[PDB]
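The block underneath contains the structure these notes are about, expressed in structure tokens.
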Amino acid sequence: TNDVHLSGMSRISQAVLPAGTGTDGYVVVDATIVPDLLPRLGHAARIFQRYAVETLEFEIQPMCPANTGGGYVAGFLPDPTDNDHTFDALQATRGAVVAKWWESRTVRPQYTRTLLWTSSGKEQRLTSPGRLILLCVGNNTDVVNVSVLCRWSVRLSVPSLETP
Amino acid sequence: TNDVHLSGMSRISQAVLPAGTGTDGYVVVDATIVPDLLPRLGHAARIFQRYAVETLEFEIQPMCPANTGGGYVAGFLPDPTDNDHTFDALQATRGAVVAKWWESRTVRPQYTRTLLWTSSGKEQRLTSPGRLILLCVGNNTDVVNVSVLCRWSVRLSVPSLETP
Amino acid sequence: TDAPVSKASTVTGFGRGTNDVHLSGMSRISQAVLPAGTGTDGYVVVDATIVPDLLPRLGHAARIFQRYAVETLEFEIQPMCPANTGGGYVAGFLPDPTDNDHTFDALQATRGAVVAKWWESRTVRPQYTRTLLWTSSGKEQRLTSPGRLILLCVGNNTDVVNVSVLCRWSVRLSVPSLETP
Amino acid sequence: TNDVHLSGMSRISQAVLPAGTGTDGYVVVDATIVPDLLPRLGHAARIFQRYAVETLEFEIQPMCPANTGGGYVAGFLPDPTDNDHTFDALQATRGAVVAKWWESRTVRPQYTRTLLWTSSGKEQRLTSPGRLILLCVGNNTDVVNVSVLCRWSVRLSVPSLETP
Amino acid sequence: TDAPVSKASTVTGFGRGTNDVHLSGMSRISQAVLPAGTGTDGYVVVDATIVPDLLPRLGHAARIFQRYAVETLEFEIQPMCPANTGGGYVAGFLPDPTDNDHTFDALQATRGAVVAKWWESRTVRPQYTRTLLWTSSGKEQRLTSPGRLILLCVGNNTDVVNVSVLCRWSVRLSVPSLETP
Ligand SMILES: [Ca+2]
Ligand SMILES: [Ca+2]
Ligand SMILES: [Ca+2]
Ligand SMILES: [Ca+2]
Ligand SMILES: [Ca+2]
């Protein structure tokens, strides 16, 4: 048919959290997972109309001095409209992880296996499988550079060219 | 999987219509059927993101003297965005009933079986299967204590804590 | 193929719409609230000419059709007054829209007329014309409406009566068009 | 695997030949068929490294009055390095067509089915299946608006983002 | 029939030429005359890149075709010197046109290489690429030529040697065109 199964890895966000401001509940990476964020999927969505996320797995890859004594929590809220940035909301979601700033982690969430829309629109629940939230649980002694890699396996369909 | 199946009866609305304030077309209960209204299902959906109604059967218990004069009509619009609160909408829809103020009737409605969302959004078309309306046909004589009990049976999924 | 001066038109499917819809349903043609003591013998509670405009969901469907034929027509008087009220009502269907006589005898003559007390419901199964009737209005209304429902008070009423006249229509529209108000 | 199959029609070139400027042998469209020219396939190949043409069928739509005087000849050299832009090359190759300025013809060419590259290189012999030429046979009378639409069907591989 | 504004073109047989010719033959790719005493070890007697231009009768045929595939290639070294001359020759076919190494070991490594004395003839049955190669030149010559024949003096020659390198090519041209110099 018209379906194409693409996959790859991408860096949705990279943030330099300064030393001393790593207070609990402070959002570090609060990103909405739309095809725009992923570069290869960004190019591939412009030539299609409806996609479905078959597999989505994030990786937190902090790069900090070992003297850093803080921690992070990572989660994937499957509701793009959600504006809650509390620890309990993250931890309740499937696949949420808690770790120290010197340990990379993997988040395996529960994405909705439905046919979404590549393009943007008025309602975000039809255009984004969810949104990733990372909170700095503990105060960090040193500046921490955090990178949130993503591994996606979408199924594009309904061929059509579009514009940003 | 995560196909939590729940069922049970719950009072969506308790209304006290005063005597002599039953002008025809007066709306007694105008409730958008979201999981938050149902007590047990409210707690259930506070820890889930998606639900899908599998069996919905409202039943009306008015506690009134058998000699009271008046009547009630009940219906369930399968479109939450509809704001029409007249007898025409109720008589048009399927499963609507009309009865005397002392009778108990079951409003077996036509609802959607897709996967809706347990939280608010821009449109209610993905958050609630419809809207229940109860209108006071004729002028009541005594005081009316009506209670609408909802026999619901939904299936939840996508575990995630939520805050109202 | 050659290049002609002007090529032939290629509109094939023009004026080939559907000419048969068996629309049916139930609707309230009249709602009345009689104050106590005003139900004098002969008072006209309901005087409704059965036209497609009167029926709400049938009006829009008849707007896009020329002729309709009533296949099944039934009325159901449903008073909502208590069982302690005194008086009677009579309900009937005059098959002549131009008739303006409003008396108990006139209704009683017609087939299917019902006489009852106000605390009891009745169904008026009438005699209507099966022929095709035009949807739109005209000089003579006898080509547009099967008849007129009339509901009278047989006797003086004691309490306040809230009657409701329901109709179960079943038409078969044809001759497609886009009739306009 | 990574055998993304795509297909569709796309206008490689829109040309406006002025009236009275149709000297015989004038080249209207001289396009090397790289994926960049095709709009949808351009976006597709910006996120891939190798493609392999599986079905290539150009079709010419000139919008001209039926009474115009002149003609067009079209061909597809399967060698991108060829710089000959004369009628001899077109009449030699397979699938070439000649017609009046108001007629639509399909240039069914002889192309290579190997795996080419989506980016530039020292030689075009591994980056494009060939070169399309459209020549103005005879002198045009009116103004000519020619559009060449390419029915393409390629298979991409080796995912990698590229910048033009 | 009617008279159209402009009649349709009637060119039917356009761009339908033959795309398969199995041209074959034999030709001399190099003729050398070595003066006595100059056949020092390692001297390059023959260094010939096998291209359609080099083969005389194949050049014109490849001028009217795009891609050719070598189906059978064989070389025959035929010295014409007497039997009283001392020294040896080595002949081989490097399958890489860009290779410029000219040593005895390089030829000896390849399959089909021959080493002989000057008063004796040998046939070089080489290993060539069966794939389709473009007739015309380009940026990379590895898509245009199967390889390069190299003939060296193994040892110092005593008399004057007149060697002659013959090639038995057998190609299969395709993808018709009118390629130009
Ligand atoms: Ca779109
Ligand atoms: Ca939510
Ligand atoms: Ca009419
Ligand atoms: Ca590249
Ligand atoms: Ca060439």
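How things are named: the first chain in the structure tokens is A, the next is B, and so on; residues count from 1 in each chain; ligands count from 1 in the order shown.
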
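Selecting all polymer residues at most 12 Å from ligand 3, using only C-alpha atoms and all ligand atoms, gives residues 62, 63, 64, 65, 66, 67, 68, 133, 134, 135, 136, 137, 138, 139, 143, 144, 174, 175, 176, 177, 178, 179, 180 and 181 of chain C.
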
Would you mind listing the residues within 10 Å of ligand 2, counting only C-alpha atoms and all ligand atoms, as a PDB file with C-alpha atoms, in the first residue's frame?
```pdb
ATOM      1  CA  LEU A  77       2.690  11.916  29.454  1.00  0.00           C
ATOM      2  CA  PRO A  78       0.474  10.427  26.715  1.00  0.00           C
ATOM      3  CA  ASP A  79      -1.692  13.568  26.838  1.00  0.00           C
ATOM      4  CA  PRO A  80      -0.233  16.543  24.923  1.00  0.00           C
ATOM      5  CA  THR A  81      -2.752  18.903  26.524  1.00  0.00           C
ATOM      6  CA  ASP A  82      -1.581  17.970  30.034  1.00  0.00           C
ATOM      7  CA  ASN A  83       0.091  20.875  31.839  1.00  0.00           C
ATOM      8  CA  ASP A  84       0.955  19.039  35.073  1.00  0.00           C
ATOM      9  CA  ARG A 125      -4.483  15.115  20.922  1.00  0.00           C
ATOM     10  CA  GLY A 130       2.359  12.700  23.982  1.00  0.00           C
TER      11      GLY A 130
ATOM     12  CA  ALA B  45     -10.467   8.019  35.456  1.00  0.00           C
ATOM     13  CA  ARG B  46      -8.281  10.120  37.718  1.00  0.00           C
ATOM     14  CA  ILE B  47      -5.704   7.360  37.312  1.00  0.00           C
ATOM     15  CA  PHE B  48      -6.249   6.726  33.594  1.00  0.00           C
ATOM     16  CA  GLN B  49      -6.109   8.646  30.324  1.00  0.00           C
ATOM     17  CA  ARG B  50      -8.474   6.868  27.897  1.00  0.00           C
ATOM     18  CA  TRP B 117     -10.135  10.938  26.779  1.00  0.00           C
ATOM     19  CA  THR B 118     -10.620  11.233  30.534  1.00  0.00           C
ATOM     20  CA  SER B 119      -9.470  14.874  30.688  1.00  0.00           C
ATOM     21  CA  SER B 120     -10.637  18.169  29.241  1.00  0.00           C
ATOM     22  CA  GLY B 121      -9.769  19.360  25.751  1.00  0.00           C
ATOM     23  CA  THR B 127     -13.996  13.507  26.007  1.00  0.00           C
ATOM     24  CA  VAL B 158      -3.166   4.199  29.283  1.00  0.00           C
ATOM     25  CA  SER B 160      -1.518   7.997  34.152  1.00  0.00           C
ATOM     26  CA  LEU B 161      -2.336  10.046  37.248  1.00  0.00           C
ATOM     27  CA  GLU B 162      -4.398  13.179  36.661  1.00  0.00           C
ATOM     28  CA  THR B 163      -5.374  16.230  38.695  1.00  0.00           C
ATOM     29  CA  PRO B 164      -8.807  17.901  38.173  1.00  0.00           C
TER      30      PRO B 164
END
```

Problem set entry | Spatial neighbours of residue 106 (chain E), 10 Å, only C-alpha atoms, chain gap at least 3 places, as a PyMOL selection string | chain E and resi 92-94+101-103+109-110+113+150

Output of the above residues as an mmCIF file, in the first residue's frame, restricted to N, CA, C and O atoms:
```cif
data_model
loop_
_atom_site.group_PDB
_atom_site.id
_atom_site.type_symbol
_atom_site.label_atom_id
_atom_site.label_comp_id
_atom_site.auth_asym_id
_atom_site.auth_seq_id
_atom_site.Cartn_x
_atom_site.Cartn_y
_atom_site.Cartn_z
ATOM 1 N N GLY E 92 49.968 -9.282 -19.205
ATOM 2 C CA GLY E 92 48.872 -9.445 -18.272
ATOM 3 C C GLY E 92 47.805 -8.397 -18.472
ATOM 4 O O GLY E 92 47.994 -7.414 -19.194
ATOM 5 N N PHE E 93 46.667 -8.622 -17.813
ATOM 6 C CA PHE E 93 45.507 -7.741 -17.918
ATOM 7 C C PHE E 93 45.081 -7.326 -16.513
ATOM 8 O O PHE E 93 44.461 -8.084 -15.769
ATOM 9 N N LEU E 94 45.419 -6.095 -16.149
ATOM 10 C CA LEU E 94 44.942 -5.537 -14.897
ATOM 11 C C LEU E 94 43.470 -5.153 -15.035
ATOM 12 O O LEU E 94 43.130 -4.343 -15.907
ATOM 13 N N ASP E 101 50.439 0.947 -11.500
ATOM 14 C CA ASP E 101 51.616 0.178 -11.126
ATOM 15 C C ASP E 101 52.091 -0.658 -12.307
ATOM 16 O O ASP E 101 51.298 -1.322 -12.979
ATOM 17 N N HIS E 102 53.400 -0.629 -12.558
ATOM 18 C CA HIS E 102 53.971 -1.368 -13.685
ATOM 19 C C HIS E 102 55.184 -2.139 -13.159
ATOM 20 O O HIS E 102 56.316 -1.659 -13.224
ATOM 21 N N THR E 103 54.925 -3.339 -12.645
ATOM 22 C CA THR E 103 55.964 -4.226 -12.141
ATOM 23 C C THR E 103 55.625 -5.654 -12.532
ATOM 24 O O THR E 103 54.472 -5.975 -12.829
ATOM 25 N N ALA E 109 50.496 -11.455 -10.451
ATOM 26 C CA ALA E 109 49.413 -11.711 -9.509
ATOM 27 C C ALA E 109 48.099 -11.996 -10.228
ATOM 28 O O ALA E 109 47.338 -12.880 -9.818
ATOM 29 N N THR E 110 47.815 -11.258 -11.299
ATOM 30 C CA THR E 110 46.525 -11.371 -11.969
ATOM 31 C C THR E 110 46.373 -12.721 -12.659
ATOM 32 O O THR E 110 47.352 -13.335 -13.089
ATOM 33 N N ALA E 113 47.923 -14.171 -16.600
ATOM 34 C CA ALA E 113 49.186 -13.587 -17.029
ATOM 35 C C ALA E 113 50.119 -14.670 -17.552
ATOM 36 O O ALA E 113 50.093 -15.816 -17.101
ATOM 37 N N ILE E 150 49.110 -4.872 -20.069
ATOM 38 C CA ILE E 150 50.482 -4.439 -19.851
ATOM 39 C C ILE E 150 51.419 -5.550 -20.296
ATOM 40 O O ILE E 150 51.217 -6.722 -19.954
#
```

Exercise. Leaving out residue 51 (chain A) and any residue of its chain fewer than 2 positions from it, which residues lie within 6 Å of it when counting only C-alpha atoms, given as an MDAnalysis selection string?
Worked result: chainID A and resid 115:117 155:156

Problem set entry | residue 114 (chain D) surroundings by only C-alpha atoms, 10 Å radius, close-in-sequence under 4 positions cut, as a PyMOL selection string | chain D and resi 50-54+126+129

For this session: Excluding residue 143 (chain A) and any residue of its chain fewer than 5 positions from it, enumerate the residues within 8 Å of it, using only C-alpha atoms, and give them as a ChimeraX atom specification.
Result: /A:16-20,64

Counting only C-alpha atoms, give me one row per residue of chain A with an atom at most 6 Å from an atom of chain B, showing the shortest contact pair and its distance in Å to one decimal, sorted by chain then residue number, as a Markdown table.
```
| residue | atom | partner | partner_atom | distance |
| --- | --- | --- | --- | --- |
| A:89 | CA | B:161 | CA | 5.2 |
| A:92 | CA | B:160 | CA | 5.3 |
| A:93 | CA | B:160 | CA | 4.6 |
```

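Taking CA of residue 40 (chain D) and CA of residue 5 (chain D) as endpoints, the distance between them is 12.6 Å.
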
For this session: Output the contact residues of chain C with respect to chain E at a cut-off of 7 Å, based on only C-alpha atoms, as a VMD selection string.
Result: chain C and resid 1 to 5

For this session: Find the residues of chain B in contact range of chain C, meaning any atom within 10 Å when counting only C-alpha atoms, and list them as a VMD selection string.
Result: chain B and resid 24 66 to 71 87 to 88 91 to 92 99 to 100 137 to 139

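Our summary of the geometry notes that CA of residue 112 (chain D) is positioned 10.8 Å from CA of residue 132 (chain E).
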
Exercise. Near residue 73 (chain E), counting only C-alpha atoms, which residues have an atom at most 12 Å away, once you skip same-chain residues fewer than 4 positions from it, shown as a PyMOL selection string?
Worked result: chain E and resi 24-27+50+69+93+95+112+123-130+146-149+166-172

Exercise. If you measure from CA of residue 55 (chain A) to CA of residue 145 (chain A), what distance in Å do you get, rounded to one decimal?
Worked result: 26.4 Å
